[PDB]
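Colleague: Next comes target-v1.csv, CSV, C-alpha atoms (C1' of nucleotides):
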```csv
chain,number,residue,atom,x,y,z
A,1,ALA,CA,-35.3,-3.2,-34.9
A,2,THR,CA,-33.1,-5.7,-36.7
A,3,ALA,CA,-29.7,-7.3,-36.6
A,4,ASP,CA,-26.6,-5.3,-37.5
A,5,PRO,CA,-28.0,-2.1,-35.9
A,6,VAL,CA,-26.1,0.0,-38.4
A,7,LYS,CA,-28.6,-0.9,-41.1
A,8,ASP,CA,-31.3,0.1,-38.7
A,9,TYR,CA,-29.5,3.4,-38.1
A,10,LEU,CA,-29.3,4.1,-41.9
A,11,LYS,CA,-33.0,3.4,-42.1
A,12,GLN,CA,-33.5,5.8,-39.2
A,13,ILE,CA,-31.7,8.5,-41.2
A,14,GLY,CA,-34.4,8.0,-43.8
A,15,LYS,CA,-35.2,10.5,-46.5
A,16,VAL,CA,-34.5,14.1,-45.3
A,17,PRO,CA,-34.2,17.3,-47.4
A,18,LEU,CA,-30.7,18.1,-48.5
A,19,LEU,CA,-30.1,21.9,-48.2
A,20,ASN,CA,-29.2,24.2,-51.1
A,21,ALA,CA,-27.2,27.3,-50.4
A,22,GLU,CA,-30.2,29.6,-49.9
A,23,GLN,CA,-31.8,27.0,-47.6
A,24,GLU,CA,-29.0,26.6,-45.1
A,25,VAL,CA,-28.0,30.3,-45.1
A,26,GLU,CA,-31.7,31.2,-44.3
A,27,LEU,CA,-31.7,28.4,-41.7
A,28,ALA,CA,-28.6,29.9,-40.1
A,29,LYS,CA,-30.1,33.3,-40.2
A,30,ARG,CA,-33.0,31.8,-38.2
A,31,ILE,CA,-30.4,30.2,-35.9
A,32,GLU,CA,-28.8,33.5,-35.0
A,33,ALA,CA,-32.3,35.0,-34.7
A,34,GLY,CA,-33.2,32.4,-32.1
A,35,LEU,CA,-29.8,32.9,-30.5
A,36,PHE,CA,-30.6,36.6,-30.0
A,37,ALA,CA,-34.1,35.7,-28.8
A,38,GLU,CA,-32.8,33.4,-26.1
A,39,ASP,CA,-30.1,36.0,-25.2
A,40,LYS,CA,-32.8,38.6,-24.7
A,41,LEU,CA,-34.9,36.1,-22.7
A,42,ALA,CA,-32.0,35.2,-20.4
A,43,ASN,CA,-31.6,38.9,-19.4
A,44,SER,CA,-32.9,39.5,-15.9
A,45,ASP,CA,-34.7,42.7,-17.2
A,46,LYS,CA,-38.5,42.4,-17.4
A,47,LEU,CA,-39.9,41.7,-20.8
A,48,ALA,CA,-43.5,41.6,-21.8
A,49,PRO,CA,-45.0,38.1,-21.6
A,50,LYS,CA,-46.2,38.0,-25.2
A,51,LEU,CA,-42.8,39.1,-26.4
A,52,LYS,CA,-41.0,36.5,-24.2
A,53,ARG,CA,-43.3,33.8,-25.7
A,54,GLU,CA,-42.6,35.0,-29.2
A,55,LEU,CA,-38.8,34.9,-28.5
A,56,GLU,CA,-39.2,31.4,-27.1
A,57,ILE,CA,-41.1,30.4,-30.3
A,58,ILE,CA,-38.3,31.8,-32.4
A,59,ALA,CA,-35.7,29.9,-30.3
A,60,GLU,CA,-37.7,26.7,-30.7
A,61,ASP,CA,-37.8,27.2,-34.5
A,62,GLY,CA,-34.0,27.8,-34.4
A,63,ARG,CA,-33.6,24.5,-32.5
A,64,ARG,CA,-35.7,22.8,-35.2
A,65,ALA,CA,-33.4,24.2,-37.9
A,66,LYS,CA,-30.4,22.9,-35.9
A,67,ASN,CA,-32.0,19.5,-35.9
A,68,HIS,CA,-32.7,19.8,-39.7
A,69,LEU,CA,-29.0,20.5,-40.3
A,70,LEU,CA,-28.0,17.6,-38.0
A,71,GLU,CA,-30.3,15.1,-39.8
A,72,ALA,CA,-29.3,16.4,-43.3
A,73,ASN,CA,-25.6,16.0,-42.4
A,74,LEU,CA,-26.0,12.6,-40.6
A,75,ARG,CA,-25.2,11.2,-44.0
A,76,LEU,CA,-21.9,13.2,-44.0
A,77,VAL,CA,-20.7,11.8,-40.7
A,78,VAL,CA,-21.5,8.2,-41.7
A,79,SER,CA,-19.1,8.6,-44.7
A,80,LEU,CA,-16.4,10.2,-42.5
A,81,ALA,CA,-16.7,7.3,-39.9
A,82,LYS,CA,-16.3,4.8,-42.7
A,83,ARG,CA,-13.2,6.8,-43.6
A,84,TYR,CA,-11.7,5.8,-40.2
A,85,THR,CA,-13.3,2.4,-39.6
A,86,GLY,CA,-11.3,-0.8,-39.1
A,87,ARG,CA,-9.0,0.4,-36.4
A,88,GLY,CA,-10.2,-1.3,-33.2
A,89,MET,CA,-13.3,0.8,-32.6
A,90,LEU,CA,-16.7,-0.2,-33.8
B,1,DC,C1',70.8,-54.6,111.6
B,2,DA,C1',67.1,-50.6,111.6
B,3,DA,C1',66.2,-45.6,111.3
B,4,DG,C1',67.3,-41.1,109.4
B,5,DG,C1',69.3,-38.3,105.8
B,6,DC,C1',70.1,-36.7,100.6
B,7,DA,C1',69.4,-37.5,94.8
B,8,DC,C1',65.8,-37.4,90.2
B,9,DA,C1',61.5,-37.9,89.0
B,10,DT,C1',56.9,-37.3,89.7
B,11,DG,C1',51.4,-36.2,90.4
B,12,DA,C1',49.5,-32.5,89.9
B,13,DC,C1',50.2,-27.5,88.5
B,14,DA,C1',49.4,-23.0,84.2
B,15,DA,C1',50.8,-20.7,80.6
B,16,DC,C1',52.7,-20.4,76.2
B,17,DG,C1',52.3,-22.2,70.5
B,18,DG,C1',50.3,-22.4,66.9
B,19,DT,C1',46.6,-22.4,64.7
B,20,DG,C1',41.5,-22.6,64.2
B,21,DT,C1',37.3,-20.2,64.4
B,22,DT,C1',34.5,-16.2,64.9
B,23,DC,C1',33.0,-12.1,65.2
B,24,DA,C1',31.8,-7.9,63.1
B,25,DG,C1',33.2,-4.5,60.3
B,26,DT,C1',34.3,-2.8,56.4
B,27,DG,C1',35.2,-3.0,52.3
B,28,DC,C1',36.6,-5.2,46.9
B,29,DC,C1',35.3,-6.1,43.2
B,30,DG,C1',32.8,-8.7,40.1
B,31,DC,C1',29.6,-8.3,36.6
B,32,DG,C1',25.2,-6.2,35.0
B,33,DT,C1',24.2,-0.5,32.7
B,34,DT,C1',24.4,5.8,32.3
B,35,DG,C1',26.0,9.8,30.4
B,36,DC,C1',28.3,11.8,26.8
B,37,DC,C1',30.5,12.7,21.9
B,38,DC,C1',30.3,12.1,16.4
B,39,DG,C1',28.5,10.4,11.4
B,40,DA,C1',25.2,9.9,8.5
B,41,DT,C1',20.2,10.7,7.2
B,42,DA,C1',15.1,12.0,5.8
B,43,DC,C1',12.8,16.2,4.6
B,44,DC,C1',11.9,21.3,3.8
B,45,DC,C1',13.2,24.5,0.0
B,46,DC,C1',14.3,26.4,-4.8
B,47,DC,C1',14.9,25.6,-10.3
B,48,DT,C1',13.4,23.7,-15.3
B,49,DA,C1',12.0,19.5,-18.7
B,50,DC,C1',8.6,17.1,-20.2
B,51,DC,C1',4.1,14.6,-19.9
B,52,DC,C1',-0.9,15.3,-20.5
B,53,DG,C1',-5.0,17.7,-21.5
B,54,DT,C1',-7.5,21.3,-24.4
B,55,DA,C1',-8.4,23.9,-28.6
B,56,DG,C1',-8.2,25.0,-33.1
B,57,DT,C1',-7.4,23.9,-38.2
B,58,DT,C1',-12.2,27.1,-43.8
B,59,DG,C1',-12.3,25.5,-52.2
B,60,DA,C1',-15.2,21.3,-52.2
B,61,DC,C1',-15.4,16.4,-50.5
B,62,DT,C1',-23.7,13.5,-48.2
B,63,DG,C1',-24.9,5.6,-47.3
B,64,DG,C1',-20.9,0.6,-45.7
B,65,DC,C1',-19.6,-4.0,-44.6
B,66,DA,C1',-18.8,-8.6,-46.3
B,67,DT,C1',-21.5,-12.0,-45.5
B,68,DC,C1',-23.5,-17.6,-46.3
B,69,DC,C1',-24.2,-22.4,-48.1
B,70,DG,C1',-21.4,-30.0,-47.8
B,71,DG,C1',-22.6,-29.8,-39.5
B,72,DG,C1',-26.2,-33.2,-38.6
B,73,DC,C1',-29.6,-34.3,-36.1
B,74,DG,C1',-33.1,-34.2,-33.7
B,75,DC,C1',-36.4,-32.2,-30.9
B,76,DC,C1',-39.3,-28.6,-28.8
B,77,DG,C1',-41.9,-25.2,-29.2
B,78,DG,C1',-44.0,-21.3,-30.9
B,79,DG,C1',-45.4,-18.7,-34.7
B,80,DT,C1',-47.9,-18.4,-38.9
B,81,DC,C1',-50.6,-18.2,-42.4
B,82,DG,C1',-53.9,-21.5,-45.1
B,83,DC,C1',-58.5,-23.9,-44.6
B,84,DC,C1',-63.0,-24.8,-44.9
```
Written as structure tokens, how would this file's structure read?

Modeller:
Amino acid sequence: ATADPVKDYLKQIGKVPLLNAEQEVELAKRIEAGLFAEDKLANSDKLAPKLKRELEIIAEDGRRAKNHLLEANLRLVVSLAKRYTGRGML
DNA sequence: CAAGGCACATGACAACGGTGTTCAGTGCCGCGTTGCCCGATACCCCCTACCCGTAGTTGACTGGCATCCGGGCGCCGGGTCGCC
């Protein structure tokens, strides 16, 4: 909590793990795994409770991987925003 | 010389003259205002042209910006860390 909140935002980015090819391809594999898990859960057909909880856990892990990609690439957006700054928008 | 007999005019007499009222009736005609007939018009339709919003675009491309000093001047007031 300081002045010039952009500096605070960069500090909020902090140190996060940059992803090498294997890392993000595996992460996206887990993303589509969670996608299929939630697709199965959304179906009105009855699924066993333990299987439904497992699918929910897989979907949650997928969400975490999404967040990891977001935070890792936060640095990428800040550079792109600088690429367009100084045109009447903050 | 006085009395009796004839002319012209005379006290009224109505009835025309001419015109003024009045009745009483019926209109005459003053303006106000109705019933027409047209021209334009606002209000439905169809058509397409162009504005306005939405959705994509695959080598790679991973942290920015320039601040700010010569007020000046003092005070309040709180915070802030030493102090013994």

Colleague: Could you check which of A:17, A:34, A:49, A:88 is closest to residue 63 of chain A, using all atoms listed in the file?

Modeller: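 For residue 63 of chain A, the nearest of the given residues is A:34.
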
Colleague: I'd like a table as CSV: residues in chain A with an atom no more than 10 Å from chain B, each row giving the shortest atom pair and its distance in Å to one decimal, all atoms listed in the file counted, sorted by chain and rising residue number.

Modeller:
```
residue,atom,partner,partner_atom,distance
A:6,CA,B:64,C1',9.0
A:7,CA,B:64,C1',9.1
A:10,CA,B:63,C1',7.1
A:11,CA,B:63,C1',9.9
A:13,CA,B:63,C1',9.6
A:18,CA,B:62,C1',8.4
A:72,CA,B:62,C1',8.0
A:73,CA,B:62,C1',6.6
A:74,CA,B:62,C1',8.0
A:75,CA,B:62,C1',5.0
A:76,CA,B:62,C1',4.6
A:77,CA,B:62,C1',8.3
A:78,CA,B:63,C1',7.0
A:79,CA,B:63,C1',7.0
A:80,CA,B:62,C1',9.8
A:81,CA,B:64,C1',9.8
A:82,CA,B:64,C1',6.9
A:85,CA,B:64,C1',9.9
```

Colleague: Hey, what's within 9 Å of residue 36 of chain A if we count only C-alpha atoms (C1' of nucleotides) and toss same-chain stuff fewer than 4 positions away? As a list in words, please?

Modeller: residues 31, 32, 40, 41, 55 and 59 of chain A

Colleague: Include C-alpha atoms and write out the residues we just selected as a compact mmCIF listing (two decimals), in the coordinates of the input.

Modeller:
```
# COMPACT_ATOMS: atom_id res chain seq x y z
CA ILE A 31 -30.40 30.20 -35.90
CA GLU A 32 -28.80 33.50 -35.00
CA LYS A 40 -32.80 38.60 -24.70
CA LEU A 41 -34.90 36.10 -22.70
CA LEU A 55 -38.80 34.90 -28.50
CA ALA A 59 -35.70 29.90 -30.30
```

Colleague: Calculate how many Å separate atom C1' of residue 67 of chain B from atom CA of residue 14 of chain A, rounding to one decimal.

Modeller: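 Here the two named atoms are 23.9 Å from each other.
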
Colleague: Using all atoms listed in the file, find the one residue out of A:83, A:65, A:42, A:90 that sits nearest to residue 24 of chain A.

Modeller: A:65

Colleague: Please indicate the distance in Å from atom CA of residue 38 of chain A to atom CA of residue 60 of chain A, rounded to one decimal place.

Modeller: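 For atom CA of residue 38 of chain A relative to atom CA of residue 60 of chain A, the distance reads 9.5 Å.
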
Colleague: In Å, how far is it from atom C1' of residue 60 of chain B to atom CA of residue 86 of chain A?

Modeller: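 So the two atoms, atom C1' of residue 60 of chain B and atom CA of residue 86 of chain A, lie 26.0 Å apart.
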
Colleague: Box along x, y and z, 3 Å on every side, all listed atoms of segment 62-79 of chain B inside: centre and edge lengths in Å to one decimal, as lines of an AutoDock Vina configuration file.

Modeller:
```
center_x = -32.1
center_y = -10.4
center_z = -38.5
size_x = 32.6
size_y = 53.8
size_z = 25.4
```

Colleague: From the options A:71, A:61, A:26, A:56, which residue's atoms come nearest to residue 39 of chain A, counting all atoms listed in the file?

Modeller: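 Closest residue, counting all atoms listed in the file: A:56.
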